[PDB]
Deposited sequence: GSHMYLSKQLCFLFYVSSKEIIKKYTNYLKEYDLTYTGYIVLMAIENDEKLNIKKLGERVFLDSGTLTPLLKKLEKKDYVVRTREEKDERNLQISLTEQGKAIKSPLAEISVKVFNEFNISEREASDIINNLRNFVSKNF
């Protein structure tokens, strides 16, 4: 019944779409030596902001096991600093977010997807998370 046929379609279609969207980011991100998840973390920390790792994890839907070695790497890259712990952006981190911001726009402009189609996806995923997170 519908729980089976709809979930199968949901599963496959999220698998293909996610796979392929991440591929396009990763392409742009190589030039910066950043992974996709690393990019997400940087983009999520605001410039005036100091965060603890738990709250940061809540915001980007990552576990501590994932976020912890990732922050160390970003620290090594001099993009974030940890101050006893709080996380924030370095001047280099704040600066690198200028070009990084262009990447989402670039990816979107590269896909065949209209402004109206994007709007619908936004609305529906809001809810898909909304009544869910």
What stretches of this chain's deposited sequence are missing C-alpha coordinates? 85 to 91
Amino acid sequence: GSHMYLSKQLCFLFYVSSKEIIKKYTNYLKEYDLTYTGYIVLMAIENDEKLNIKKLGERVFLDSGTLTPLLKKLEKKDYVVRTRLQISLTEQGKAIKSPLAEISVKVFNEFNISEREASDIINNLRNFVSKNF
From here on, numbers count along this sequence of modelled residues.
Select between 122 to 130 and 1 to 9 the stretch whose C-alpha atoms have the higher average B-factor in the entry. 122 to 130
29 to 37 versus 79 to 87 - which carries the larger mean C-alpha B factor in the record: 79 to 87
Entry-reported C-alpha B-factor of residue 67 relative to its chain, by third, is highest
Split the chain's modelled residues into thirds by Cα B-factor; residue 54 lands in the lowest
